[PDB]
Amino acid sequence: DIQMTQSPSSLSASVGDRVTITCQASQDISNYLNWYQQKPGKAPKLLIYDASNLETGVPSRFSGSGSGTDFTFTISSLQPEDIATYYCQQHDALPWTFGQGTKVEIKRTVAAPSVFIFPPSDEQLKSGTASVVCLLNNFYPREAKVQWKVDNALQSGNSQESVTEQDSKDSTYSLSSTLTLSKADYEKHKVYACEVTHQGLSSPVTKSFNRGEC
Amino acid sequence: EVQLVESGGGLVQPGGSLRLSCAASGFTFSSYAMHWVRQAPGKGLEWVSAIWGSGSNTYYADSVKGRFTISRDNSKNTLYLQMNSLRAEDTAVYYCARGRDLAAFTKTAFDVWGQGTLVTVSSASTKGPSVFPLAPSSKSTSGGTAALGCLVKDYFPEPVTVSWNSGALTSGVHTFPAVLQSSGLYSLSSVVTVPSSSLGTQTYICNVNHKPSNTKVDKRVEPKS
Amino acid sequence: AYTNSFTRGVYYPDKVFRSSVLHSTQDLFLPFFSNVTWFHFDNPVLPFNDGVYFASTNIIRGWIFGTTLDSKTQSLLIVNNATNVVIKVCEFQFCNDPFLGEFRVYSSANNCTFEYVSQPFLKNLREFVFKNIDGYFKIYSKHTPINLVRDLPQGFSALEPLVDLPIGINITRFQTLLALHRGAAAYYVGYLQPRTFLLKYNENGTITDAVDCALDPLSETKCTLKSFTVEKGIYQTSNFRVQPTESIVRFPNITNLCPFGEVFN
Amino acid sequence: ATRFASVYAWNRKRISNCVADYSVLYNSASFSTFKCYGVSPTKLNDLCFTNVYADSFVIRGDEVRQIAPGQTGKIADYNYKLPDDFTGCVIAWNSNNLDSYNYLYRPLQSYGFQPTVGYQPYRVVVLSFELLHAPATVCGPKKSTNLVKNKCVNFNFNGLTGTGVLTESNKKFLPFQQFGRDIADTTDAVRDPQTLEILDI
Ligand SMILES: *[C@@H]1O[C@H](CO)[C@@H](O[C@@H]2O[C@H](CO)[C@@H](O)[C@H](O)[C@H]2NC(C)=O)[C@H](O)[C@H]1NC(C)=O
């Protein structure tokens, strides 16, 4: 088959910046390569076909280039609706393979997150489940470290996280971390706390809670 | 206007069979080449199959060679995809795409790309959701903003919609993507950012709607102690 | 309204250099002192027939020439936009009320059969000549200072050729394009006939005078003698012959009739 | 062309108002076949045409012979069809390095391109000449020669031919005139092309 080592895997640029995404090839595929723009929950949309020809109905700020085994690809002016994941697909020999994909996001100023923890509700307890959620809201960059501490013991393997995609209004992300434990084990421990390390915080900020409002 | 309305997706146990449909309207279906492309949840695009008008010039991806069969129709102009001997790796959202491989050597690409149909290969059965509130700390003095939300647990399948106070309170509503748990059932949490001083005075009611089960739940949140 | 073209409308008939000589040539010229239609703003579609003389005094931005227009037939379009004049022979669909100013009068450029791009030239009088000869569309023009707006200038100026397009379209009607902003401007239109002119080439090779051999007996005498000065005397210049008014056919009348009634009845 | 059009959509580019030099393409050895009907390939530099249309498409060796007037077959009957009467020239070359399932042909069948002559893909361009629909505008190339002064020479200036001595002149030709004539309708001087100067004859 034909392999594409599309690099970088992710890159950061600001509004109006010029974006280049490289897409290699295997054996002189000439200009039988296509480009696709995909938004979360949306079907892929053509961006550049035959490595140079723009599709109809697409704004002129989008452009592609390259031929043979190297494809340059050039964005001129970033627009806030242009946030998406871009894929290069070889289309010569029985088109099968896609690219790994590169996530293009808007560069911004580092912002410290607001950290908070949710104790389990009483309505959730009668169902037999206890969930401890820590919320990471409006932070940048996406890099963040979450340290769960129960009874001052670092936790691992018992928590789940979830990250929201790039927002349409401010291009900032939100993150939710969920810790799950049983009601019987809930009564057997006292301290529940989540610690978040982030670039916008000089030192990590720890938020703690004691069961039963102690 | 080209329109590729997809249907026929749903829930299948591993090793079962399912027939997909991709209707076409607004263009000459019989004079174009039709394709199938799928994308695994959170993964990249992977081609599936292709039928180039003839009932003999069918081509499949290496990962689905032998197992998947593609077919089309004249008259009403629709597209089919026979899927056999499914495994856990076949769970993906399936798209039917276009193709003018016949004349055009320019629009070699997939001009439209239908909206896609979801196929889940799993033995789990349909189950309605359980909703739990996310209570805050009452003695929170970290800032003037308090975070509140509702946790929708153990629903199957997607999707869900969230509203608040029948539309009278819409400021700061933020809905998170669903996640899969080790229990085999999906989970989702929807939260809202609000001023802290309105927790004990204004009534906060979160509304959760699930179209496949027509379930609507309203829950009020009050600070503890 | 009409005006007298005086002595305007002379162009180089053959693009061959001559000097200090009086040359007699017959081609489509603007008759001297002929009536020319004056337009002021409205711009209807005008017949093209065998050629048009156009004059103006930057309101005028282009011309439309054709047979049926409305994208049913090929139509010549000349527009002077952004210092680059564009000429097309596409099947443009013309408006009910063409108006330019982006642009609208030059929309729906499809099915193009000829396209050409040139460097455009335009209190100043701009004279143009448009003729179609054996498939060659010839454009002539000249820019000159003008110190009056009542009628044509009293001066003399020959128009040099500028463009020759081998388009080959049968053109029968034309219309002008004015720079409409939402300030009317005046223009003059004359029509050519196959009349013979005597053109005077100076020592530099520029046409400085000319006489229309059908304007008056004196000019006819000037033409026959191939000179602008005629000595005292009697000259024979043409031949008067009254032309017939109608044709009459006379044959013997009712003779014997063939018995068609004896076969059909 | 970086990419040629398909036979199911062969390309038709209209060429007019230009000089078409066929000597470089004719001498070029990269073409597999170059068959001209009606006129010999070496006189196209003198002859002129009103318009030329270039039909570009990819076919296969099993049908590469089918591009000719009055031919039959799936391609000749349902795909690119040559007219019954006079056409221009057919040019073809093997493109196995580039085109040997993206390419299909005309109910629809695909070419079994296996890069391992009779089945190989060939790129075909048909030049159709229209010599009567309009005034002619596409002429072949004409080579210039050097001009020799102060000697009796046989000159040809833009179609005006003759014999005489060409010398320098001080006759101010206007920018739009090419040759001047004396009294009695005979040439006195001419303006040379390529260098724009006034030569007395
Ligand atoms: C026609 O083309 C020739 C060759 O390109 C032009 O000759 C050149 O003109 C430039 C400008 O005067 C000189 O600097 C070069 O040295 C000339 N080259 C030669 C070989 O003479 C010629 O001027 C062109 N004529 C035109 C455009 O009317």
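Note that chain C is numbered according to Swiss-Prot, with residues 27-66, 79-95, 99-142, 156-176, 187-246, 261-343 shown in order.
Header entry for method reads electron microscopy, 3.2 Å.
Note: Cβ is positioned from N, Cα and C throughout, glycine not excepted.
Noted in Swiss-Prot for the protein shown:
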type     : residues          : note
CARBOHYD : C:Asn61           : N-linked glycosylation site
CARBOHYD : C:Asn122          : N-linked glycosylation site
DISULFID : C:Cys131-C:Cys166 : disulfide bond
CARBOHYD : C:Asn165          : N-linked glycosylation site
CARBOHYD : C:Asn234          : N-linked glycosylation site
REGION   : C:280-301         : region 'Putative superantigen'
CARBOHYD : C:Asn282          : N-linked glycosylation site
DISULFID : C:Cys291-C:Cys301 : disulfide bond
REGION   : C:319-335         : region 'Disordered'
CARBOHYD : C:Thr323          : O-linked glycosylation site
CARBOHYD : C:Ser325          : O-linked glycosylation site
CARBOHYD : C:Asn331          : N-linked glycosylation site
CARBOHYD : C:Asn343          : N-linked glycosylation site
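This view paints the features noted in Swiss-Prot onto the structure.
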residue  : record                      : contacts (Cβ under 8 Å, 6+ apart)
C:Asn61  : N-linked glycosylation site : C:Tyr28, C:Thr29, C:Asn30, C:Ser31
C:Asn122 : N-linked glycosylation site : C:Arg102, C:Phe157
C:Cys131 : disulfide bond              : C:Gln115, C:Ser116, C:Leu118, C:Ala163, C:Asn164, C:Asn165, C:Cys166, C:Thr167, C:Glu169
C:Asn234 : N-linked glycosylation site : C:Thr108, C:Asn196
C:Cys301 : disulfide bond              : C:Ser50, C:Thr274, C:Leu276, C:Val289, C:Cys291, C:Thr315
C:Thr323 : O-linked glycosylation site : none
C:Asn331 : N-linked glycosylation site : none
C:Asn343 : N-linked glycosylation site : none
Original post:
Counting across all protein chains shown, how many other Cβ atoms sit within 10 Å of the Cβ of C:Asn165 (N-linked glycosylation site)?
Top reply: 11
Original post:
So how many of the residues in the region 'Putative superantigen' (C:280-301) end up helix, strand or coil by DSSP?
Top reply: 7 helix, 6 strand, 9 coil
Subject >> Sequence-distant neighbours of C:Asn282 (N-linked glycosylation site) in its chain (C-beta under 8 A, six or more apart) >> reply: C:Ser45
**OP:** Identify which of the disulfide-bonded residues C:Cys166, C:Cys291 has its Cβ surrounded by the largest number of other Cβ atoms within 10 Å, counting every protein chain shown.
**Re:** C:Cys291
Subject >> Listed glycosylation sites (C:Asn122, C:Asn165, C:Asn282, C:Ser325, C:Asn343) that sit near chain D [CB under 8 A] >> reply: C:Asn282
**OP:** Provide the number of Cβ atoms within 10 Å of the Cβ of C:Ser325 (O-linked glycosylation site), excluding the reference atom itself.
**Re:** 5
Subject >> In three-state DSSP terms, the structure that C:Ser325 (O-linked glycosylation site) belongs to >> reply: coil
